[PDB]
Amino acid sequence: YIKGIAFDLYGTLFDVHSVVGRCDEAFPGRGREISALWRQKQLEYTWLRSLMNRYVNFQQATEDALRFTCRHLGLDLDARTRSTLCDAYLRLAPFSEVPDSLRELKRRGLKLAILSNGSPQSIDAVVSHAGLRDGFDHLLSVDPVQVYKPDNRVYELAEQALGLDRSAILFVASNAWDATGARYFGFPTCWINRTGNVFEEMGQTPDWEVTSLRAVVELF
């Protein structure tokens, strides 16, 4: 039934925990605090700007979210440190099972795509850096539609880019709010729950809840 798979990038295939460390190096002892807030503001800003119809790209939203975090915590953030922390996203490392799992999925003749927030160039840098670039048929950004998830215009992009009806595309995401959007859209959804989180209470439940990509491979 499923002929393609759409993956979220940050937090699903690639571990963002490394940013915590780069944050702690910039502001010793503050790392975890800074990252938690930074991540949250990035999210809120994508949702809020979408609702207001005031789109700016993810790099912009990321800087704005860091600028806020720093003002909010009282930290002095110069331009240099700003760029350096923001660059931490281009050097993420994949989760242990990811590489082998991707190889196996491709060997099964499945079309694999990534649908993320960053530019196609940034998405490319992360996957290429990990040597996984050859494993994807498509590297998609929300940028062309000028809106963020869970706006349906974003999900239609994956459907179009992959050339398959939504019912034949497996949507794989770590974020429960994202899995909720995809489910309402029509994608058979797989929620990757590695750390014991509970699903969002927005009227949906994923088709599959797995602890890693290993369980995805075993679905085929």
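One-based numbering along the sequence shown.
A.B. asks: Identify the stretch, either 102-110 or 144-152, whose C-alpha atoms have the larger mean B-factor according to the entry.
C.D. replies: Looking at the recorded C-alpha B-factors, 102-110 comes out higher on average.
A.B. asks: Between 29-37 and 44-52, name whichever shows the higher mean Cα B factor according to the PDB entry.
C.D. replies: The recorded data point to 29-37.
A.B. asks: Thinking about Cα B factors across the chain, which third does residue 205 belong to?
C.D. replies: Middle third - that is where residue 205 ends up once the chain's C-alpha B-factors are sorted.
A.B. asks: Using the temperature factors of the C-alpha atoms in this entry, rank residue 212 within its chain: lowest, middle or highest third.
C.D. replies: Lowest third - that is where residue 212 ends up once the chain's C-alpha B-factors are sorted.
A.B. asks: Relative to the other modelled residues of the same chain, rank the CA B-factor of residue 57 and answer lowest, middle or highest third.
C.D. replies: Within its chain, residue 57 is a middle-third residue by C-alpha B-factor, going by the deposited values.
A.B. asks: Thinking about Cα B factors across the chain, which third does residue 189 belong to?
C.D. replies: Within its chain, residue 189 is a lowest-third residue by C-alpha B-factor, going by the deposited values.
A.B. asks: How does residue 23 rank on Cα B-factor within its chain, lowest, middle or highest third?
C.D. replies: CA B-factor rank for residue 23: middle third.
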